[PDB]
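Residues per chain, in single letters:
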Amino acid sequence: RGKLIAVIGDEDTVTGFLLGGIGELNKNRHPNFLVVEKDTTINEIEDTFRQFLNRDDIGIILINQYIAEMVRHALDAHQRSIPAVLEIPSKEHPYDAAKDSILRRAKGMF
Amino acid sequence: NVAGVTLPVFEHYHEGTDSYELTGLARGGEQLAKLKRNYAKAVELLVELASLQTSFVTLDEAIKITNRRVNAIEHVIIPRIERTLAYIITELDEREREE
Amino acid sequence: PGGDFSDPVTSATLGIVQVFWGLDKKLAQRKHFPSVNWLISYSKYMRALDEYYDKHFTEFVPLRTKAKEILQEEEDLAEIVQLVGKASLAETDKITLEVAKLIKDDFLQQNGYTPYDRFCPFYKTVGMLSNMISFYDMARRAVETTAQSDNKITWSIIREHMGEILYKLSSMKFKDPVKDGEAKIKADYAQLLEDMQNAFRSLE
Amino acid sequence: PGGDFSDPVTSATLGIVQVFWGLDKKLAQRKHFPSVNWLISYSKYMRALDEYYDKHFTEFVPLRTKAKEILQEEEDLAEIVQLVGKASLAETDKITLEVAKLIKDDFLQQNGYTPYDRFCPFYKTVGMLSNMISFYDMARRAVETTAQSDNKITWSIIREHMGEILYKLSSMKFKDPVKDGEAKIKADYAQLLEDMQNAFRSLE
Amino acid sequence: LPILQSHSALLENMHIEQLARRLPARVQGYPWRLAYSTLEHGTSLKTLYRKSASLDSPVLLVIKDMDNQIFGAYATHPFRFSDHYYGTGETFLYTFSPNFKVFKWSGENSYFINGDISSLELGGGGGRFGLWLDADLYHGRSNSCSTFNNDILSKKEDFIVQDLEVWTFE
Amino acid sequence: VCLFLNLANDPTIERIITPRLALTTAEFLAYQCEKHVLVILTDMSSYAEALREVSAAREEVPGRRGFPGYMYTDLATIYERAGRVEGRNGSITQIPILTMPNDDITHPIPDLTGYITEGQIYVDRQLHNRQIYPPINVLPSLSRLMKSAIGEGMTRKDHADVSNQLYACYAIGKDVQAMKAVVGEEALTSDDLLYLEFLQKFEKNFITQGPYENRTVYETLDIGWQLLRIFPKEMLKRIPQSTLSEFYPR
Amino acid sequence: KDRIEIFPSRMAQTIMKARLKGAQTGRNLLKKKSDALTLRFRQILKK
């Protein structure tokens with residue numbers, strides 16, 4: 001059976017991919033995404049990231065690049081091959097690879 | 001399965017049913033139709049990017065495992081053999097001088 | 001003394017004998033019998049004997065050569081499978097290893113103490129090897145004949161659809177020259193050639 | 001035997017002789033005549049000849065030292081080039097590797113089959129090395145002097161703005177003592193020193 | 001008027017024109033692109049297959065034998081291995097002898113093009129082939145086959161290829 | 001031909017005499033009858049065993065691995081009865097065949113031979129088991145003087161270039177067969193697939209010959225070209241562009 | 001530790017030379033595997 005993508009991001013980044021068809025509830029009524037309001041504590045974001053990477057249905061996590069810098073500890077602690085993580089740029093946010101975990105794993109990176 | 005190593009990747013697949021089909025029916029449905037296509041195109045690229053990442057992490061492990069075997073041969077197995085053979089050639093000369 | 005033919009008596013023998021049947025501890029230890037190593041062993045009489053084979057067993061010399069070719073390819077293929085695992089092998093190499101196991105276990109191997117194997121006449125022996133190498137030629141051909149086609153034959157497809165044929169090929173050693181006439185054994189082995197050809201026609 | 005220097009006649013000879021000129025088949029296969037391996041080779045006589053060089057060639061002691069250091073550094077840097085690619089090295093390391101290549105290609109090689117290289121006098125030899133190491137010191141100075149600047153110097157800037165000096169440095173081997181006297185060869189080599197000084201002064 | 005090739009070839013401008021006059025409407029007026037050549041690429045059947053296998057277009061075969069005779073075929077599809085026959089009625093064989101000659105489809109059978117593990121072949125009519133080439137593109141055979149009712153094309157029924165090329169339309 | 005046959009059971013000192021007897025004939029033919037002689041010695045290991053026996057007959061103490069200490073001088077006394085000479089057209093070539101004990105070139109019989117002879121040719125159980133006749137492995141073989149046997153006015157002028165490039169294409173093709181074991185055939189580049197096909201055709205057409213087929217050097221170089229012609233012209237990097245323009249066009 | 005301690009004999013000399021050819025072959029093949037994987041890995045990084 002197919003896996004599903006999951007998203008951590010602001011209202012626009014979540015809304016964009018939801019219209020891109022990404023959104024699914026697990027049968028337990030839990031979503032595959034988190035809307036990061038400015039009031040959300042970094043620990044709640046990290047708990048979500050931990051839940052998503054440890055879940056069996058999720059196959060990719062998209063993290064908006066600014067969130068990836070906040071949750072950076074757990075994001076760099078995550079090292080499994082299957083549950084892939086993409087740090088992604090957005091309209092008011094840093095460039096497409098700002099301290100990217102994969103480019104920091106790489107030996108040939110400048 | 002190139003060079004005997006299993007590399008995981010993803011294929012993008014589509015369920016047909018649009019859960020947002022009627023959104024903006026009254027207003028904005030023109031731009032929202034462009035938008036759902038643009039983020040579907042973003043996802044299709046991101047699933048390819050994730051397939052590069054799943055391949056990358058698996059290659060990085062398979063290179064390390066292979067290089068540990070190559071270095072174990074180069075710095076353990078071959079040196080034990082070469083020192084064993086040098087000891088053998090020496091003791092064979094000892095048997096020859098004794099005889 | 002060590003089982004090693006580098007000893008002065010084996011070395012002085014090998015400079016004189018024209019035939020050598022190097023019994024190998026690795027084969028004896030796995031209880032492969034008669035344990036004669038087919039890479040170390042030799043017979044220089046083949047030159048003189050080709051005038052007999054090209055008169056009494058005119059199919060045999062092509063078979064004898066292709067048998068040694070298979071067994072030598074298996075010595076390379078077995079080494080690379082031990083070093084890197086079998087997943088890289090092309091389908092021709094899987095078939096080469098499979099027929100090398102058929103030869104190695106169901107032609108080359110023989111049990112010294114059972115009525116199937118107390119003596120294996122040359123008409124039985126050539127008939128067996130003819131069938132196994134006809135399977136090798138036809139199986140390898142079937143793959144190469146369907147490489148680049150819309151559907152490709154593979155060792156896995158062969159292992160399924162030729163399964164009864166593989167069992168019959170491994171069973172050829174059980175024919176008994178005391179109870180079965182040479183004509184009967186030869187007729188059964190001729191039927192195996194037809195059975196193989198018709199089974200491959202179901203794949204190609 | 002097999003290149004194994006631990007062999008008693010070879011090992012005793014290398015225990016006694018104060019110089020080993022390690023000729024190497026790998027260099028001869030690259031046509032790098034005279035094919036002397038500068039990593040394997042050694043000489044113990046430097047401490048004595050330093051009196052002669054101090055009297056007649058007072059610049060040479062620095063030059064010999066710097067040349068050996070550049071070559072030893074390039075042998076270490078080549079492992080980093082294999083690990084992360086040439087483009088990933090620091091600018092100091094890149095210019096060291098480029099000068100080491102200039103030394104390996106146009107100092108350490110010598111075309112003894114041709115008039116300009118049939119022999120190479122010491123005045124020619126020290127002069128060529130004096131220029132190559134002056135180029136090294138000024139190039140590496142310009143790089144390190146412009147460290148953390150906005151307008152940073154690198155080997156590519158040097159090759160673009162003054163690549164004529166690299167061309168002249170490689171050309172200096174072609175001067176012939178039978179045509180031109182040692183004073184004229186030294187004067188041409190002194191002009192290349194002035195040319196490169198003015199070129200480096202044009203950048204930093 | 002006469003076609004431009006992307007490179008030099010086995011053919012003269014007068015040969016190019018004489019062949020171009022016979023092109024079908026799918027390929028008329030296109031410049032010719034080199035697919036394979038013994039002058040530019042490895043002399044083997046597998047190379048000709050590999051260089052052609054990425055294509056999905058008609059091709060021109062050209063051969064020079066060791067007796068200097070020029071011959072070949074226009075074909076509706078790329079050369080490849082084939083389990084069965086393939087190609088369609090616009091396929092033809094040809095030679096300069098020294099005058100140009102063409103051998104269009106007879107209508108008798110669909111045996112236009114085939115490729116074996118160890119040969120390339122054109123036509124059918126029992127054991128006969130209108131062209132046949134070995135695994136090296138060294139030995140070849142050519143005789144009248146019922147697919148084309150063709151001449152010998154080479155100087156002799158058995159021939160050795162001096163040089164071979166394949167071209168396509170782009 | 002002049003043929004000397006010392007049998008395995010003929011008395012051992014006649015086997016010691018046989019090379020001296022043969023070489024004395026070759027010296028007469030070459031240096032007095034002006035002939036170009038080729039001397040073939042069919043198994044120097046059975047001569048080396050005869051030195052060991054005649055040494056034990058004198059009650060000499062056994063030297064290195066039981067052979068006489070002077071075995072080097074005795075092999076030189078055989079092998080150096082060879083060469084061209086000044087003022088005479090005649091010459092003696094020698095081809096000492098030598099059964100290496102235990103397949104090991106380190107053994108004193110091949111070791112001392114390698115110090116005296118200008119090169120070696122290796123016969124290989126791998127090629128022999130593959131049924132390639134003659135099973136001469138061209139890689140560990142080296143004729144130390146081939147560069148002065150061949151070329152313009154001695155053979156065809158392409159020969160040195162053709163042999164260097166055949167060595168490279170066979171060595172690279174063996175390396176590619178060792179790579180195909182690892183990567184699987186679909187991962188090979190087009191260049192690697194050419195070198196792997198060269199290896200198959202080089203063993204099946206160049207090395208494979210059969211015992212009654214005689215090939216001139218010209219017919220061998222023609223086979224050399226019909227094999228090298230499998231590559232694109234630019235891949236023949238060990239051959240000069242002049243030699244390619246003269247001989248690459250078929 | 002430093003050596004395999006097969007007892008000195010012409011047999012053991014031959015066995016150690018056979019192991020050396022096996023090990024040098026194993027190094028070269030596994031080094032080729034590492035080179036191919038390294039090339040693909042550098043290609044993937046660029047992609």
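Coordinates for the structure precede this section.
This report concerns the structure included in the present document.

Regarding the overall build of chain B
Here's step 1: Looking only at helices and strands, one finds one helix and zero strands in chain B.
Here's step 2: The C-alpha extent of chain B, read off along each of the three principal axes, is 105 × 20 × 15 Å.
Here's step 3: Working note: accessible area of chain B is about 6700 Å², and carbon and sulfur atoms make up 53% of it.

A closer look at the packing of helix α5 (residues 91–106) of chain D against helix α7 (residues 155–171) of chain D
All names here are of chain D.
Here's step 1: Their axes nearest at 13 Å, the elements α5 and α7 cross at an angle of 15 degrees. Relative to α7, α5 is oriented roughly parallel. Helix-helix and strand crossings are classified by hand; for α5 and α7 the assignment is right-handed. Counted together, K94, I95, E98, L102 and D106 of α5 and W155, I158, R159, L169 and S170 of α7 form the full contact between these two elements.
Here's step 2: In the contact of α5 with α7, the residues fall into five nonpolar, one polar and four charged.

Remarks on the interface of chain G and chain B
Here's step 1: On the side of chain B, 31 residues touch chain G, which itself brings 30 residues to the contact.
Here's step 2: Buried surface at the junction of chain G and chain B, both sides included, amounts to about 2800 Å², of which 80% is carbon and sulfur.
Here's step 3: If you sort the residues of chain G by the area they bury against chain B, G:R3, G:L37 and G:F41 come out on top, with a joint share of 22%.
Here's step 4: Scanning the region where chain G abuts chain B turns up zero salt bridges.
Here's step 5: Our count for the chain G to chain B interface comes out at three residue pairs in polar contact.
Here's step 6: Class assignment for the residues of the side of chain G that touches chain B results in twelve nonpolar, six polar and twelve charged.

Details of the arrangement of the chains
Here's step 1: Across the 13 pairs of chains that are in contact, the largest number of contacts falls between chains B and G.
Here's step 2: The two units chain C and chain D remain apart, with a minimum C-alpha distance of 23 Å.
Here's step 3: A gap remains between chain E and chain G, with no contact made and the closest C-alpha atoms lying 22 Å from each other.

With respect to a nonpolar patch on the surface
Here's step 1: Taken together, D:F5, D:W38, D:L39 and D:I40 make up a surface patch of nonpolar side chains, about 350 Å² in accessible area.
Here's step 2: With respect to the secondary-structure elements, D:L39 resides in the loop between α2 (25–29) and β2 (42–43).

A closer look at the environment of D:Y42
Residue and element names in this part refer to chain D.
Here's step 1: Of note, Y42 is situated in strand β2.
Here's step 2: For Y42 and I80, which are 38 residues apart along the polypeptide, the C-alpha to C-alpha distance reads 26 Å.
Here's step 3: The residues contacting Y42, other than those within four sequence positions of it, are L14, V17, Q18, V19 and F20.
Here's step 4: A distance of 3.1 Å separates a polar side-chain atom of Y42 from the backbone oxygen of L14.

Regarding the sheet that holds strand β4 (residues 84–88) of chain A
Here's step 1: In spatial order, the strands read β2-β1-β3-β4 (chain A); together these four strands make up an open sheet with parallel pairing. This sheet does not close on itself; its edge strands, each paired only once, are β2 (33–35) and β4 of chain A. Averaged over all neighbouring strand pairs, the angle between strand axes comes to 20 degrees, with direction disregarded.
Here's step 2: Note that strand β3 (residues 58–64) of chain A and β4(A) share five bridges and pair parallel. The residue bridging A:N64 from the neighbouring strand is A:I88, located in β4(A).
Here's step 3: Against the sheet, helix α1 (residues 29–98) of chain B touches β1 (4–9), β3 and β4 of chain A, its axis set at about 125 degrees to β4(A).

A look at unusual backbone geometry
Here's step 1: The amide bond that connects C:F33 to the next residue, C:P34, takes the cis arrangement and shows omega of 10 degrees.
Here's step 2: Inspection of the secondary structure assignment puts C:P34 in the loop between α2 (25–29) and β2 (42–43).
Here's step 3: The phi angle at E:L137 is positive, at roughly 55 degrees, despite the residue not being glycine.
Here's step 4: Residue placement: E:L137 occurs in the loop between β8 (131–134) and β9 (139–141).

Some words on the nonpolar core
Here's step 1: Among the nonpolar cores identified, the biggest contains 53 residues, and F:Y170, F:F198, F:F202, F:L228 and F:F231 are the most heavily contacted of them.
Here's step 2: Those elements that provide at least two residues to this core are α1 of chain B, α4 (60–84) of chain C, α7 (159–183), α8 (190–207) and α9 (217–228) of chain F together with α1 (10–46) of chain G.
Here's step 3: Ranked by residues supplied to this core, first place goes to α8(F) with nine residues.
Here's step 4: If you look at the next biggest cluster of nonpolar residues, it comprises 39 residues, including C:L71, C:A142, C:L169 and C:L192.

Quick look at the sheet that holds strand β2 (residues 83–84) of chain F
All names here are of chain F.
Here's step 1: The strand order β1-β3-β2 describes an open sheet built from three strands, whose pairing is mixed. Lying at the two open borders of the sheet, with one neighbouring strand each, are β1 (36–41) and β2.
Here's step 2: Alignment of β2 against strand β3 (residues 91–96), held across two bridges, turns out to be antiparallel. Each residue of the ladder has a partner; that of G83, found in β3, is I92.
Here's step 3: Against the sheet, helix α1 (residues 12–31) makes contact with β1, β2 and β3, and its axis sits at roughly 150 degrees relative to β3, the strand it touches most.

Notes on the environment of D:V19
Residue and element names in this part refer to chain D.
Here's step 1: Mapped onto the elements of the fold, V19 is located in strand β1 (residues 19–20).
Here's step 2: Put simply, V19 and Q110 are 91 residues apart on the chain and 20 Å apart in space, counted from C-alpha to C-alpha.
Here's step 3: When neighbours within four sequence positions are excluded, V19 is seen to be in contact with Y42, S43 and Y45.

Focus: the pairing of strand β1 (residues 32–37) of chain E
Residue and element names in this part refer to chain E.
Here's step 1: Of all the six residues making up β1, five are buried; the element is thus mostly covered by neighbouring parts of the structure.
Here's step 2: Two elements, β1 and strand β10 (residues 158–169), share five bridges in a ladder whose sense is antiparallel. Its bridge partner lying in β10, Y36 is registered against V166.

Concerning the packing of aromatic side chains
Here's step 1: Tallying each qualifying case throughout the model produces 41 aromatic pairs over all chains.
Here's step 2: Between D:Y52 and D:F57 the ring centres are 6.0 Å apart and the planes differ by 45 degrees, which places this aromatic pair in the tilted class.
Here's step 3: Ring geometry for E:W105 and E:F112: centres 5.1 Å apart, planes at 45 degrees, overall tilted.
Here's step 4: Assessed through its relative accessible area of 38%, E:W105 is described here as partly exposed.
Here's step 5: Overall, the relative accessible area of 3% leaves E:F112 in the buried class.
Here's step 6: Among the aromatic residues, those joined into a ring-pair cluster are C:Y52, C:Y53, C:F57, C:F60, C:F122 and C:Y123.

Observations concerning the pattern of salt bridges
Here's step 1: Within this structure, the stated rule accounts for 62 salt bridges over all chains.
Here's step 2: Residue D:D117 pairs with D:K124 through a salt bridge whose shortest N-O separation is 3.8 Å. Judged on exposure class, the residue D:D117 and its partner D:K124 are both buried.
Here's step 3: Among the charged side chains, a network of salt bridges with common partners joins A:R72, A:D76, A:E87 and A:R104.

With respect to the side chain of D:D106
All names here are of chain D.
Here's step 1: Mapping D106 onto the fold places it in helix α5.
Here's step 2: On the basis of relative accessible area, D106 is assigned to the buried category, the value being 10%.
Here's step 3: Polar contacts involving the side chain of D106 include one to the side chain of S170, which spans 2.6 Å.
Here's step 4: Within polar-contact distance, the side chain of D106 engages the side chain of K173 at 2.8 Å.
Here's step 5: If sequence neighbours within four positions are ignored, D106 has contacts with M128, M132, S170 and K173.

Cut-offs and rules
Residues numbered from 1 in each chain as written, not as in the entry; some residues may be left out. Chains lettered and ligands numbered in written order. Part of a larger assembly, values for the part shown. Heavy atoms only, no water. Helix = DSSP H or I, 4+ residues; strand = E, 2+ residues; numbered from the N terminus. Areas by Shrake-Rupley, 256 points an atom, 1.4 Å probe, with all protein chains shown as cover. Axes fitted to C-alpha atoms, helices over the stretch in contact; angles between N-to-C directions. Parallel < 35°, antiparallel > 145°, perpendicular 65-115°, else oblique. Left-handed = near helix turned anticlockwise from the far one by under 90°. Contact = heavy atoms within 4.5 Å. Nonpolar A, V, L, I, M, F, W, Y, C, P; charged D, E, K, R; others polar. Buried area = accessible area lost by both parts, 1.4 Å probe. Salt bridge = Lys/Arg side-chain N within 4 Å of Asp/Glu carboxyl O. Polar contact = N/O pair within 3.5 Å; in protein donor to acceptor, adjacent residues only side chain to side chain. Patch = residues over 30% accessible without salt bridge, like charges linked within 9 Å, V, L, I, M, F, W, Y side chains within 5 Å. Pairing = 2+ DSSP bridges. Core = buried A, V, L, I, M, F, W, Y, C linked by side-chain atoms within 4.5 Å. Buried < 20%, exposed > 50% of the residue type's maximum accessible area, 1.4 Å probe, protein only. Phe/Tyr/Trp six-rings, centres within 6.5 Å; stacked < 30°, edge-to-face > 60°.

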